[PDB]
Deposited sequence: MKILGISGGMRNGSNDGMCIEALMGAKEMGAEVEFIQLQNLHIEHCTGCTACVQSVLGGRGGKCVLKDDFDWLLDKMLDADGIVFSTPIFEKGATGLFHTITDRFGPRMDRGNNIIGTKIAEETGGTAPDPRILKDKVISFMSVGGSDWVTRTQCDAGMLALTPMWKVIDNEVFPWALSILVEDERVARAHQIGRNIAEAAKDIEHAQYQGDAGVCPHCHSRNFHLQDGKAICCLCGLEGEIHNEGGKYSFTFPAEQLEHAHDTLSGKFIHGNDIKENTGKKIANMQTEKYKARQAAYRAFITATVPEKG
């Protein structure tokens, strides 16, 4: 089993070390290991080394991703990789694209794109401003429905490379991901149970009558029982969860329906005149 470790920190930084430490644990369980340092890659924002990166990820049976924490979440580059995953890696759209290709004599997309895969994440920050990175990390796995094994946060971690018990945790995360990879079907989540019984998220969007899991999208209710929170939802919601095939097929269907409505609206006079008033009112300022 091939484990790919990816770091988004500085060259030779703490994220490099935690990630290489996971890789060492993985080799201990018998895996072939590879390491990619993202500072060596050129990756543009969603509007270039990205295709290469994805090819590397598609060949791995499991992935360990270690990211610095910036403003409580993953780095902007981690969010760009997430942006760029959609068009390429959505499990829903790739199932559709492959069925369509078969039946219409089209060329069969990358079979790798649909293989099951396990992924673990590590978020390394220097303080306790760490409340959003696990969700950010979960979002990247959500689009292709890779099976999350661990999704770990390390606050106060500037000196983590001399904190033996926390380095030992990353070693164990490496063990887990190699073990999970040996049998991706029977691999099971090893991380924290969290609050969302489906996502394991602890991040929720709250409004009167509706608490929403910020990762899996389940709409339900948060309960405070003496300081312990818990999340409940009605079973019909499972159909709609953003990390299930069912919920993705629905989501994509609404996208197709709303995209057709936009195309049609873009041919109305209402649209064209408002747009022309905007073009006439102002011109975008650019640098010299």
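Colleague: Would you flag the ranges of the deposited sequence that the structure leaves without C-alpha positions?
Modeller: Absent from the structure are positions 48-67, 309-310.
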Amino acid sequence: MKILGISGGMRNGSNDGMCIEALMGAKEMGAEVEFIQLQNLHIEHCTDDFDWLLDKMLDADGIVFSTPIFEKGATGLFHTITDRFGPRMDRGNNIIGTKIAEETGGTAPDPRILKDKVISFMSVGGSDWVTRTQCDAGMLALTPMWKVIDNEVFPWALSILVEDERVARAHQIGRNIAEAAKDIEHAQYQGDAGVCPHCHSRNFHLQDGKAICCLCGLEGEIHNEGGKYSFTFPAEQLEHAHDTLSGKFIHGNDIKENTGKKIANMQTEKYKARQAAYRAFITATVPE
From here on, numbers count along this sequence of modelled residues.
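Colleague: Quick check: 106-114 versus 209-217, which has the larger average CA B-factor in the record?
Modeller: If you average the C-alpha B-factors of 209-217 and of 106-114, the larger mean comes out for 106-114.
Colleague: For the higher mean C-alpha B factor in the entry, choose 76-84 or 178-186.
Modeller: Result: 178-186.
Colleague: Which of these, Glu34, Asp243, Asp61, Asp48, has its C-alpha atom at the highest B-factor, as the entry lists it?
Modeller: So the option with the highest C-alpha B-factor is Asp48.
Colleague: So among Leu238, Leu54, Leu38, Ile69, who wins on Cα B-factor in the entry?
Modeller: Max CA B-factor in the entry, restricted to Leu238, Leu54, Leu38, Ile69: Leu238.
Colleague: Looking at the C-alpha B-factor of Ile100, is it in the lowest, middle or highest third of its chain?
Modeller: Tercile = highest for this residue's CA B-factor.
Colleague: Using the B-factor values recorded in the entry, state whether the Cα atom of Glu21 falls in the lowest, middle or highest third among the modelled residues of its chain.
Modeller: Bottom third by C-alpha B-factor.
Colleague: Sort the modelled residues of this chain by their C-alpha B factor and say whether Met1 lands in the lowest, middle or highest third.
Modeller: For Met1, whose C-alpha B-factor we compare with every modelled residue in the chain, the answer is the highest third.
Colleague: Going by the entry, which third of its chain does the Cα temperature factor of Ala277 land in?
Modeller: Bottom third by C-alpha B-factor.
Colleague: Determine, from the deposited record, the chain-internal third of the Cα B-factor for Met89: lowest, middle or highest.
Modeller: Middle third of the chain for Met89's C-alpha B-factor.
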